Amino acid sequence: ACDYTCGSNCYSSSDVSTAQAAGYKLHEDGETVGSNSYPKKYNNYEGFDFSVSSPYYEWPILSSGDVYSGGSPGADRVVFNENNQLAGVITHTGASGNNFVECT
């Protein structure tokens, strides 16, 4: 089964854990990767019920299972906070322009 489903993408807890670890390390190092510069600050304008406190940061999680290294980031993102706590997994799949919907 999928622990998280973003549109047609299936993710296991292992996959979110791995993506989060990479994003958080970049966060600690003050570094970013890709043309859009990830990890970047996540603003919760959609008002998703996370039980972890802000600030929040978004990092791409890839359907391939590969850790994001540049190139196309796809539509899915792992949201983590300043204390390296997982807030959730979101996606642009099925949302107009910059809206996000939560993975199921």
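The numbering used is simple: start at 1 and walk along the sequence shown.
- The stretch 7 to 15 shows the higher mean C-alpha B-factor when 7 to 15 is compared against 86 to 94 in the entry.
- Of the two segments examined, 22 to 30 and 65 to 73, it is 65 to 73 that shows the higher average Cα temperature factor in the deposited entry.
- When the modelled residues of the chain are ordered by C-alpha B-factor, residue 36 sits in the highest third.
- When the modelled residues of the chain are ordered by their C-alpha B factor, residue 56 lands in the middle third.
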